[PDB]
Structures are given as C-alpha cells and as structure tokens.
Amino acid sequence: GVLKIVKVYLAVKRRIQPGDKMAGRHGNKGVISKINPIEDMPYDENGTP
Amino acid sequence: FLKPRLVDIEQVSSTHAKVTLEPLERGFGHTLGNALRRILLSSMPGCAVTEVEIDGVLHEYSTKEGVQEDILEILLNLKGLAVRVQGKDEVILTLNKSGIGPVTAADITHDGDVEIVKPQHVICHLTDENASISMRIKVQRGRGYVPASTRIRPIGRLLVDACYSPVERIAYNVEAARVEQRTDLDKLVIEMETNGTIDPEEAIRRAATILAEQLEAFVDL
Amino acid sequence: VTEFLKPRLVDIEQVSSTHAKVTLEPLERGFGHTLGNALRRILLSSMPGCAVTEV
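Its PDB header names cryo-EM as the technique used to obtain the model and reports a resolution of 3.70 Å.

See the structure below:
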C-alpha cells in the first residue's frame, strides 16, 4: 500500500538546560534548577569556581 | 581617603598574570576585589570563533576523509582557539594544511591585525598524506557567552557557540601593604588566568571603566 | 561590544524620612548583585559620619 518511504534523520544538539535531570552514580538525582553565572558561583582561595 | 593605583603588573606566564593595587583602606580592598572579579568574569571584550566554514563537509556531524577526528570535534577544538584583533571588530581567518601531521593554530593564515595567541594549539590531525583541509574561520568581537541557537544561511556554513570570555578564573587575595607611616592599608592583588587575548592591565582598566559607568547611574558623574 | 545597558530607575520609593527603597530596572545579568554588595559593604565599612564613642 505504499510507493516509497522517505526517512530523514534530524540531529539535535541538546544543551544542558534548567529542568534537565542530573544524577550521580551514588543515586543522588535532581533537576538543574538554574544555570548560575560563573561569577555568581562560589570560588575557593585558588579562584576556581 | 586613598585611591588605589596600578603599582605593579607581574606576568608569571603568558596565560597567568598578576596585578597589584597597593593603597586601599580597610574594607575598600575586599569590596573592590569582589567587584572586579565579578566584572571581569561576567563581561570582557573577547574574540572567540563564531562560525566555521568547511570546504569538504556540509554539516558538523558528518566527517571528512583523511582527518583523525570528527568535524564536530574540530569545531569544538576551534572554540578553544582564541585570537586577539587590534583594530577590526570583524575578521576572517583562513586555514590551509596539506600532508601528514597535526594542524596547529600556527598554520592558520593570519592577517596583520589578527594574531593567534597560542600557536601550539592543535585543531585537527591530517593522518592521510593526500588529505587537505581548507577552513574559513570567522571571529567576532563579543561580550560574555552566546549560545549557537540564540543567534539567527548557506548549508555548508557551520555555527559553533562562541565564548567571548578571555579570562578563565579570577582570584583576588587581600594582603596588608607596608606603608612607611600608615595603618589599616592593604594591597589588593588579583590573579588573572586568561587565554592571553586581553592584556591584564587593559582588562583591569576596562572593568574599572564599566564599574564606574554603572555607578554613574546611581549618582551623577 | 564596549556598550552596556545602563540602568534607568523607575522609582525611588520612600516609606519614611529614615527608610527609603531604591530600585533600578535594567542593570545587567550579574551586575545587580555586584552593585548591591559593593554599595552595602562600602556604606557599612566606611561612611563619613559622627557618632558617640566615649561617655
């Protein structure tokens, strides 16, 4: 019942977004509440946020 | 009061540099340090790659023959590549390499205005002898981080998200200075780790100008 | 690229002579916290004023 089938593949790059589910290996699972700016992030005395 | 001045600028390396602000009262130094760190990290003039055009491949996922890694990996490597442009807000960089061997940033054909900060940086590896890659690298002066999706034409053209953040980390430590007859005065020292596109003293000057302009909103100049 | 969005305050809300509220709408992403912290610490740590110290 079909003549020809056209298959088209969409490649979508999914940036990490608020609301995505983030889970460690130990079982701590949680959503990303907000993408905080780099300046807002806490930093140690070395300066790495 | 006392007004701090750029008494010393020290470069432990090309990427890592230290700037010192000697005269500062108690409390002023730490406030200025936090404000300068936030301003420097938030927004500085940057020249990260914006879009890359590959002669041989249409989209980033499909790969070209004779290239060790994927075109997507090439784009993300080019994102790490950083340049500094003296006079043009817009510049086009052309890369051509033939034969076996890594394709370093030094191999990029460069104009007089645009200079590659780190020639040792490698974009791709041409494993095959009869393999040639031709790249048109588009670099736009910008502020902060812009995602690729947020911006916006030919099918061959590839868009890579740009990161106009010349400074990677900014660490400031407040240590007391030693003035001949004074007390409660400390020198602010800022450790700047940058890709090298922006001069440390120039970056401090730009951050101070931005902060002063923002403050001029609160009270008339 | 050197240009920035410079805030234009819409109101300066005053409840009493001693207590006032100041708000600036546009500012910039991350600039609000920087300016607020800077002003707060600068006017707590150092302000030209005279108070009673010895009785």
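Moving on, there is more to tell.
(A) Highlighting the packing of helix α1 (residues 28-42) of chain B against helix α1 (residues 31-45) of chain C. Axis separation between α1 of chain B and α1 of chain C bottoms out at 10 Å; the angle between their running directions is 175°. As the angle between them shows, α1 of chain B and α1 of chain C are arranged roughly antiparallel. Facing α1 of chain B, whose interface residues are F28, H30, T31, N34, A35, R38, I39 and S42 of chain B, α1 of chain C presents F31, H33, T34, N37, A38, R41 and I42 of chain C. Across the contact of α1 of chain B with α1 of chain C, the residue classes tally to six nonpolar, seven polar and two charged.

(B) Fine view of the packing of aromatic side chains. Here the structure, examined in full by the defined rule, presents three aromatic pairs over all chains. On the numbers, 6.4 Å between centres and 50° between planes, the contact of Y43 of chain A with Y172 of chain B is tilted. Taken together, the residues span two chains, with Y43 of chain A in the segment after β2 (29-31) and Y172 of chain B in strand β15 (residues 167-176). You can call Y43 of chain A partly exposed: its relative accessible area is 31%. The ring of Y43 of chain A carries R37 of chain B above its face, with NZ or CZ at 3.7 Å from the centroid.

(C) Fine view of the interface of chain B and chain C. Chain B puts 24 residues into the contact, and the matching count from chain C is 23 residues. Roughly 2100 Å² of surface becomes buried between chain B and chain C when both sides are summed, with 65% attributable to carbon and sulfur atoms. Of all residues in chain B, the largest losses of buried area upon contact with chain C belong to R143, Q214 and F218 of chain B, amounting jointly to 30% of the total for that side. Connecting chain B to chain C are zero salt bridges. The interface formed by chain B and chain C includes five residue pairs in polar contact. Looking at the side of chain B that touches chain C, the elements with two or more residues in it are α1, β12 (142-146) and α3 (200-218) of chain B.

(D) Spotlight on the interface of chain B and chain A. Each partner contributes to the interface: chain B provides 16 residues, whereas chain A provides 14 residues. Taking both sides of the interface into account, the surface hidden between chain B and chain A amounts to around 1100 Å²; carbon and sulfur atoms contribute 45%. Where chain B meets chain A, there are two salt bridges. The residue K13 of chain A makes a salt bridge to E60 of chain B at a minimum N-O spacing of 3.4 Å.

(E) Molecular detail of the sheet that holds strand β8 (residues 108-109) of chain B. Residue and element names in this part refer to chain B. Taken in spatial order, the five strands of this open sheet run β8-β6-β11-β4-β13, and their pairing is antiparallel. The open sheet terminates on both sides in strands that have one partner only, identified here as β8 and β13 (157-159). Sheet contacts for helix α2 (residues 71-80): β4 (49-54), β11 (132-140) and β13; angle to β4, the most-contacted strand, approximately 145°.

(F) Local environment of the sheet that holds strand β1 (residues 6-10) of chain B. Residues and elements named next belong to chain B. Overall, antiparallel pairing links the four strands, which are arranged β1-β2-β16-β15 in an open sheet. The outermost strands of the open sheet, each flanked by one partner alone, are β1 and β15. For this sheet, the mean inter-axis angle between neighbouring strands, taken without regard to orientation, is 15°. When β15 meets strand β16 (residues 186-194), the two strands line up antiparallel, connected through nine bridges. The partner of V167 across the bridge, within β16, is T194. Against the sheet, α1 contacts β2 (16-21), β15 and β16, and its axis sits at roughly 175° relative to β15.

(G) Examining the pairing of β12 of chain B more closely. Residue and element names in this part refer to chain B. Where strand β3 (residues 45-46) lies against β12, two bridges are found, and the strand directions are antiparallel. Within β12, the position partnered with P45 by the bridge is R143. In terms of strand pairing, β12 meets strand β14 (residues 162-164) through three bridges, oriented antiparallel. Paired with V146 across the two strands is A162, which belongs to β14.

Rules of the game
Residues numbered from 1 in each chain as written, not as in the entry; some residues may be left out. Chains lettered and ligands numbered in written order. Part of a larger assembly, values for the part shown. Heavy atoms only, no water. Axes fitted to C-alpha atoms, helices over the stretch in contact; angles between N-to-C directions. Helix = DSSP H or I, 4+ residues; strand = E, 2+ residues; numbered from the N terminus. Parallel < 35°, antiparallel > 145°, perpendicular 65-115°, else oblique. Contact = heavy atoms within 4.5 Å. Nonpolar A, V, L, I, M, F, W, Y, C, P; charged D, E, K, R; others polar. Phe/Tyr/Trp six-rings, centres within 6.5 Å; stacked < 30°, edge-to-face > 60°. Buried < 20%, exposed > 50% of the residue type's maximum accessible area, 1.4 Å probe, protein only. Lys NZ or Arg CZ within 6 Å of the ring centre and 35° of its normal. Buried area = accessible area lost by both parts, 1.4 Å probe. Salt bridge = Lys/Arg side-chain N within 4 Å of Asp/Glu carboxyl O. Polar contact = N/O pair within 3.5 Å; in protein donor to acceptor, adjacent residues only side chain to side chain. Pairing = 2+ DSSP bridges.

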